[PDB]
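Encoded as structure tokens, the following chain is the form deposited in one PDB entry, with no partner shown.
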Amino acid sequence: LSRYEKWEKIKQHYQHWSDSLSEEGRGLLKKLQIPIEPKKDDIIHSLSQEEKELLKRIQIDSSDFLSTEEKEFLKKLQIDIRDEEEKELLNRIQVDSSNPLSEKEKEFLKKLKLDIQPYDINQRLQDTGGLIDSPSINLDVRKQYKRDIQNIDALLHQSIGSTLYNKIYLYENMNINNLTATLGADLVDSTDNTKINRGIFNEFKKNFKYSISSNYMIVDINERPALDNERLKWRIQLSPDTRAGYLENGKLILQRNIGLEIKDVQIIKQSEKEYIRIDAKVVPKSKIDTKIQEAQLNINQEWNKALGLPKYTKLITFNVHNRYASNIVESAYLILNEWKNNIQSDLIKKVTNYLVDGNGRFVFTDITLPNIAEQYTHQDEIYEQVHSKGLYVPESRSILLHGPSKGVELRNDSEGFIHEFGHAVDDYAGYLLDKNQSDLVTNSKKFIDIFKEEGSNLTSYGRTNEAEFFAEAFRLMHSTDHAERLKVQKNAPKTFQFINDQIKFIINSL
């Protein structure tokens, strides 16, 4: 099987297309491949002296609303500042405490996020799932992405054809964290790095049957040796009418919005290390979408019955547009099951009914949360939008859960959902206290001073504020691990009784 003949044959098939490219269209393809990173120098020049100094001393990863996408970069910025016992001094008490950011530190970083975004077409498409009109970036840039994307679509018009499509395989190397940051960290076996956890290999395979590409895949004509963190090795078979373009050095750029059916996931050995080989076939995206919608329509009927709700209530939403599609759907089943088992039937029903009254949702998605309507329609200011693994939005009565990302020191998605449901509990309890102006029961006189005492007893993150504290306590009060529930009763007895109070108070309301 000749790599170089294969390469030359595909290149010829697109030779006219390549020679027909304007240098405008040529640069557009380059810009897509190599995103335009922000220039660190112009940024710091714009900062004031208080802000230059404040930037020195701030310990970044404490933040919860950034992406390390966005966090990577700010520390790259922080050293360029520090240009003589500086390094040791400014980075001394790092491990000493994971203390919460000050409110003046928060507000600063919340606005510095708007100035550090790279112009990355493929990233914009993946983050928004193709819904590029999402108001999570500046309108001018938003319009700029649109013009570029529409132009690139126009460039990719030549299908691979009836002849070549079933003669060739195309390959993509991928980081496991790009699909699941949570599972990825420990899918590489801990005792040996060159081998795959078998129970955790089966993990990834039971629930992966279909995939979606909402951006432009850039695939290799011949398989390229895996880099460091590239443990996944895709082998793609195109469909006859799959539109693609030739990129230099033996690559293809595929059209956006295509569907992939998983045909075989295996463990393979390549050069004395284990890899996950993924065999996939290009199918129409609309085919995958119908399966997602059937799964959404289905799971709602299961849960409308099990919750005593109207038969056609829209409670659970599958906002799925990316490469780990089916597991997002599959995990949502698992999450709501753990949620049913660890929380009393009557608490679940009455709070969920409350959410329905406000047209709320359980949103399971692989697109970032600032691009979820249940958040951004109530958050006009981008500097107030939040990305995190999960969120509860009172204004929309909705729980949002982002599949791919990793949680701030938390075991599984199921525990995090319970935490979010704890927020909805706070909301309803505060509503029952005063139906006229509904506030959070954690914004009540009683709980506030409870927080100033028992607040720094539970999880490191529960120290953030009243609302978060209530939620972490609620979660731990409902853990499968019987040990965890007792610590809450012992290390924070007033919070324990307070929550249990509200639980009683909720259930006994008529």
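Residue positions are given as counts along the sequence shown, with the first one as 1.
Note: missing coordinates for residue 311 occur in none of the other compared entries bracketing this position, so the one-third threshold is not reached. Of the other entries compared for this protein that flank it with modelled residues, a third or more give no atoms for residue 83. Missing deposited residues between residue 83 and residue 84: 1 to 3, all without coordinates in the entry.
Across the two stretches, 468 to 476 and 39 to 47, the PDB entry reports the greater mean Cα temperature factor for 39 to 47. Comparing 58 to 66 with 448 to 456, the stretch with the higher mean C-alpha B-factor in the PDB entry is 58 to 66. Of the candidates 357, 228, 439, 420, the deposited coordinates give 228 the top C-alpha B factor.
Highest C-alpha temperature factor among 383, 210, 303, 73 per the entry: 73.
For residue 18, the recorded CA B-factor ranks within the lowest third of the chain. Only modelled residues enter the ranking. Ranked against the other modelled residues of its chain, the C-alpha B-factor of residue 161 as given in the entry falls in the middle third.
Split the chain's modelled residues into thirds by C-alpha temperature factor. Residue 351 is in the middle one. In this PDB entry, the Cα temperature factor of residue 426 sits in the bottom third of its chain's modelled residues, the lowest group. For residue 366, the recorded CA temperature factor ranks within the lowest third of the chain's modelled residues.
The next section is about a form of this same protein that is not shown, the form deposited in another entry.
Relative to the rigid parts that move between this form and the one not shown, the hinge contains 38, whereas the other entries in 38, 239, 306, 144 stay over 12 positions from any hinge.
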